[PDB]
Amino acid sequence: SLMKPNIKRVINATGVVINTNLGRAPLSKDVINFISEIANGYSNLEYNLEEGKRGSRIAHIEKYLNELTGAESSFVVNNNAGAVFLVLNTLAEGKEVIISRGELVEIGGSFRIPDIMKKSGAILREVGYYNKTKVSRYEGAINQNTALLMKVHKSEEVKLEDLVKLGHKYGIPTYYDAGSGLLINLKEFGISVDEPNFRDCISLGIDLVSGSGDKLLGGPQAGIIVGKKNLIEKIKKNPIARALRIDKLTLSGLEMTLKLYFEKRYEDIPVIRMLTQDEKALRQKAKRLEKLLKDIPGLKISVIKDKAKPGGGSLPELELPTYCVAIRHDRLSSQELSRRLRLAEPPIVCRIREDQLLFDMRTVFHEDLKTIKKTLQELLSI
């Protein structure tokens, strides 16, 4: 009678908070309600109300970014892959970009990004070796035909402070594709990582810094670029920008996400909330799930501690403890049990370790514990 849509809500028990397969950052009700208000009718998306004339949509969020990063100017495109392409194509078409050989490998966890840079029409001057880039071999690559000095967050090297110096010395713009999209200091939450945020790279004097909006920033998909007004303007005039132009849903979502950062409402940004769940809340979740599952014949269940990587393939540096519930059935293999769980309504996506199914509490929401249980007992039944 009625067909159900292909795209569906999914219970994520993999423990990966920034999970690309499963949509990256979830958005809070508050962010979504705003997106709904704007979408449900007409708005001032590309309209300057004071002057009653067409205006650019980026004006709606650029103040937000500049403040939060201390940059001169900001701009936003479809995604950060696009930002990279746009920056290269703008500043370095027919010219040379200097980048470390390793930083070019699997950019962002993607094998498509380095090729995008190749399509940008920039000539890539790869210096050094896969895990060795000496500042000297970098500085020596510099030509009259050198137009950009690049660094990419990874997935001895040249350091950001060095990039800045080479840039000042030879009069070449510096671009750091940060990736993570991080706005805040993760130390302010109890978490320890060498993950540079936007504000910091600009404090150091990086000319251009870019990142995704749907990783550590915890907003919708977006390519955020910030830095020198001179470079920004060039980028906004690049007609390619128009193909990369951000839509109304993501832009509204981005404005409300950024308002949250201003009002210090970090609890209303799911990515942060989940990343700052204390180890105690997590054990409690597990213990409760174990509880829920003990009336299921055939199931062996234990609660285990685990050092996991909730950041995903773009942020494999982020390491946090978590609690998982481990299950094993006497008649169904983990793989088949997995396959069945993915077919449920809603689907449940757990991870597999050494012939066990792990439910990682870092990403499982409390209201869905009941659902895991009901689903498990229907599946292991006849």
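For every residue, the number given is its place in the sequence shown, counted from 1.
In this entry, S155 is separated from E156 by 4 to 9 residues of the deposited sequence that have no coordinates. Look at the C-alpha B-factors of 184 to 192 and of 111 to 119. On average they run higher in 184 to 192. Stretches compared: 370 to 378, 19 to 27. Higher mean C-alpha B-factor in the entry: 370 to 378. Each of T276, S100, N89, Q221 has a CA temperature factor in the record; the biggest one is found at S100. Comparing the listed residues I269, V77, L251, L163, the entry records the largest Cα B-factor for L163.
In the PDB entry, a CA B factor belonging to the lowest third of its chain's modelled residues is recorded for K215.
Among all modelled residues in its chain, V135 ranks in the highest third by Cα B-factor.
Split the chain's modelled residues into thirds by C-alpha temperature factor. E106 is in the highest one. Remark: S36 belongs to the lowest third of its chain, ranked by C-alpha B-factor as recorded.
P347: CA B factor in the lowest third of modelled residues in this chain (values from the PDB entry).
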